[PDB]
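There's a structure below that I have some questions on.
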Amino acid sequence: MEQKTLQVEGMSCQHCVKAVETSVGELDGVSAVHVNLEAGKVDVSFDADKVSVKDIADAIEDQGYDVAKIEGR
């Protein structure tokens, strides 16, 4: 249950903001998915216990490829 920022790199055209969301949004263990790569932030609260931040980021890579990594605790 950890409110983190999966630092996104904006590399696509328009269909990306949501891709980067939905991926993490698929996780049963997610809680919040405030995607704003345009603002240079994504406030993603997710359950590190069951699915670590890595798993969540890799879940972005399953679809998109716009996940630098967790910027800050």
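Give the stretch 13-45 a look and list any residue that's part of a strand (DSSP E or B) and touching a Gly at 6+ places or on another chain (Cβ under 6 Å), or say none.
Once the filter is applied, which keeps residues that are part of a strand (DSSP E or B) and touching a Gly at 6+ places or on another chain (Cβ under 6 Å), the stretch 13-45 yields only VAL33.
If you check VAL17 against the conditions, is it without any contact (Cβ under 8 Å) to a residue 40 or more places away in the chain, surrounded by 17 or more Cβ atoms within 10 Å (Cβ to Cβ) and over 11 Å from the mean Cα position of the chain (by Cα)? Can you show your working first?
Working: without any contact (Cβ under 8 Å) to a residue 40 or more places away in the chain: yes; surrounded by 17 or more Cβ atoms within 10 Å (Cβ to Cβ): yes; over 11 Å from the mean Cα position of the chain (by Cα): no.
When the stated conditions are applied, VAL17 does not pass them.
While we're on this one: Restricting attention to the stretch 20-57, which residues are among the acidic types (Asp, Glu), touching a residue at least 24 places away in the same chain (Cβ under 8 Å) and more than 14 Å from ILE70 (Cα to Cα)?
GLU26, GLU38, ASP49, listed by residue number.
Here is a list: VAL53, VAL35. Which entry is β-branched (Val, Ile, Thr), closer than 15 Å to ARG73 by Cβ and surrounded by 14 or more Cβ atoms within 10 Å (Cβ to Cβ)?
Criteria check complete, one pass: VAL53.
So, one more: Among the residues that make up the stretch 60-73, is at least one of them part of a strand (DSSP E or B) and among the polar types (S, T, N, Q)?
no
Condition test on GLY10, is it touching a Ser or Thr at 6+ places or on another chain (Cβ under 8 Å) and either outside any strand (DSSP E or B) or without any contact (Cβ under 8 Å) to a residue 60 or more places away in the chain (or both)?
no
No lab work stands behind these numbers, since they all come straight from the coordinates. Because the Cβ atoms are built from the backbone with ideal geometry, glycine has one as well, and the counts that use them run over all protein chains shown.
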